[PDB]
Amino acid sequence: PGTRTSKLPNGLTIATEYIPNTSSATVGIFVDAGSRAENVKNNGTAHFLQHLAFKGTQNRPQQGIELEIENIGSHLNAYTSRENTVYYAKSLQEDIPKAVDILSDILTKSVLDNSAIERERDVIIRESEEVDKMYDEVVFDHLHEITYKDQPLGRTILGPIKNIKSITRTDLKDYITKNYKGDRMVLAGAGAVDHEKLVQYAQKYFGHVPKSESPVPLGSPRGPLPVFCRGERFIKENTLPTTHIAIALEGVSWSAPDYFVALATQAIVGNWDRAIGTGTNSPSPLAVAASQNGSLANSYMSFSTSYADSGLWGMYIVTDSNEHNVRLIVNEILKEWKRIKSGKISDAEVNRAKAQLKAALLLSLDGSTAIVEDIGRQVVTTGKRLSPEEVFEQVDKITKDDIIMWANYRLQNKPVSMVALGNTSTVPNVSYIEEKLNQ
């Protein structure tokens, strides 16, 4: 009944949530690493490492892991975000320990063969080249670069081609040594899982993990708070049929008291697609404007990214490079934020947003995997897990006024960074946006 928690002598946290009537589960190891724990020449390591952990360990050869997992019908996966590195598995309950075993094995005792470390550099480039075809991904990488100017958060996860061709097996081993400390990781499980037994296996297969010499509780401040830098980066590209713009303002962080209120304001502005509509029975004035007299854009989407110590909140626009005056659409978006700031929003649309928000945060925690994803991320970046029940309370209590204050604090006399890719010729700059927004 709830999320059970236990700590190991080396700091490792074991966070569990039992699910009645289940015979399978998901277990994952979450580390407070990621690319924000790299430096300029380092950039790209954590991800590289991740690819390599699947190439073989001091106990199991690459193809030995594969065949072992497939014979019991489990699944192994991993990703790297700016804030963390995650390795996790899905398997029947009988195999829970066997999975915790392999997870620790791959995460720490990995071979990192130099031969592998070389064939990989090409796979990582191919990977990189695909991301460059996903404009939204591109536009957002740049936004992070100029918004977190010369800071950890500002660098991308994949890293520069440069570093991908120059990462040395020593870089890897160092990132491991430097970052992989017990007090910096959470082992999360949900499904058919006995909390106590999982705490045991945790000791047995993760006990051997180095403790930090200067341990800090999972939630406490990294060091110097990232700082939001107003800026703009226009990327002319006359060949693109569509132009992609992103406009952001310093947002909110995971543990912030106004976290949900920010997500609530995001929901109130919402999204829109020139073809599909808003996916709401009643479109906002912005949504209506966007579509009138020919369309002012192809689509727009509100976004709100969070980190433990910072946040980005804004709009992502997509225009036809040959048909739209980007300035026209930006005005309506600014006009909509001003509307929120001025209080002219109804009880009805606030409720719709709270409802949209509630469903998005809770009804979506269905599988053991989706649930582990929540336990894991919440604890490894915050130091606790707000239960579904608690999250429901946090959203349900938000008020029209709460939103209006939040809007006035964050969208009035505050810096804005921006990025445009494509037919840059019609995009207004940052001082224009700030003038109209603050106007």
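Just count from 1 along the sequence shown to find any residue number.
Note on 369-377 vs 410-418: mean CA B-factor is higher in 410-418. A summary of the deposited B-factors shows that, of 59-67 and 378-386, the stretch with the larger mean C-alpha value is 59-67. Based on the entry's C-alpha B-factors, the most elevated value among 79, 316, 148, 272 belongs to 148. Sorting 226, 285, 223, 231 by the CA temperature factor given in the entry leaves 223 at the top. When all modelled residues of the chain are sorted by CA temperature factor, residue 400 is found within the middle third. Residue 51: CA B factor lies in the middle third for its chain, per the PDB record. Among all modelled residues in this chain, the alpha-carbon of residue 21 has a temperature factor (C-alpha) in the highest third.
The entry lists a Cα temperature factor for residue 109 that places it in the lowest third of the chain's modelled residues.
Among the modelled residues of the chain, residue 424 sits in the lowest third by CA temperature factor in this PDB entry.
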